[PDB]
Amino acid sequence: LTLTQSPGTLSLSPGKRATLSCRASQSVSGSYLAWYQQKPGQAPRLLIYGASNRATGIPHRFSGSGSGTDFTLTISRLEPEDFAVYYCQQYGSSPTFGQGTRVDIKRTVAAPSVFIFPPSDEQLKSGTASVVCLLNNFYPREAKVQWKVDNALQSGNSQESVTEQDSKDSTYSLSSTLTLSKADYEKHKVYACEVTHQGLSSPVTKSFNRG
């Protein structure tokens, strides 16, 4: 059995109503579905068990519904604490989990401020080269980064890191680190970082030349 949650991220304000969807690839027969939430850096807490039934201690604002292939978790009024990741789980057959659904604070769309950092000469002395591209204070959390070294689309040689949603301005920030050997870095001149975001009418590319 496969559980597919929708959407990947849910963006609402404190006080609005959240309705998360869990859709099973096969019918869950007699509905044996559970809902869990996971706060950042915490163990999961059982919110809902057996489709509709609520777990002991869980506040009344949490509610579950559904049968067959499509299930639903409902938070009638969102409190500040409820912004976390929620998992639906099926225990009818072999236990399986769906991918989480992120519930973050909704706000006006903010396009990222983009900066690109060449490797420091001290790092080049150490024999390695790291190129860093910064996406600063954007919303929503969805963003794409594409590295380009001498117009060559880089693939597989980079890693990303995203901050948690900021407590004051509700934005996200991302850093993408491009790892190159010192030898390969000297061979090429132009190093670009193209950034695609909902807040950008057209992709923005920051670049530099060795020098």
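Each residue number is its position in the shown sequence, starting from 1.
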> Comparing 157-165 with 47-55, which has the greater mean CA B-factor as deposited?
Replying inline: 47-55
> Got a sec? Mean C-alpha B-factor, which is higher, 173-181 or 28-36?
Replying inline: 28-36
> Would the CA B-factor of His188 place it in the lowest, middle or highest third of its chain?
Replying inline: middle
> Among the chain's modelled residues, which third holds the C-alpha B-factor of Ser120?
Replying inline: lowest
> Going by the entry, which third of its chain does the Cα temperature factor of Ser76 land in?
Replying inline: highest
>> Can you tell me whether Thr4 has a C-alpha B-factor in the lowest, middle or highest third compared with the other modelled residues of the same chain?
In response: lowest
> Mind checking which third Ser93 falls in for C-alpha B-factor across the chain?
Replying inline: highest
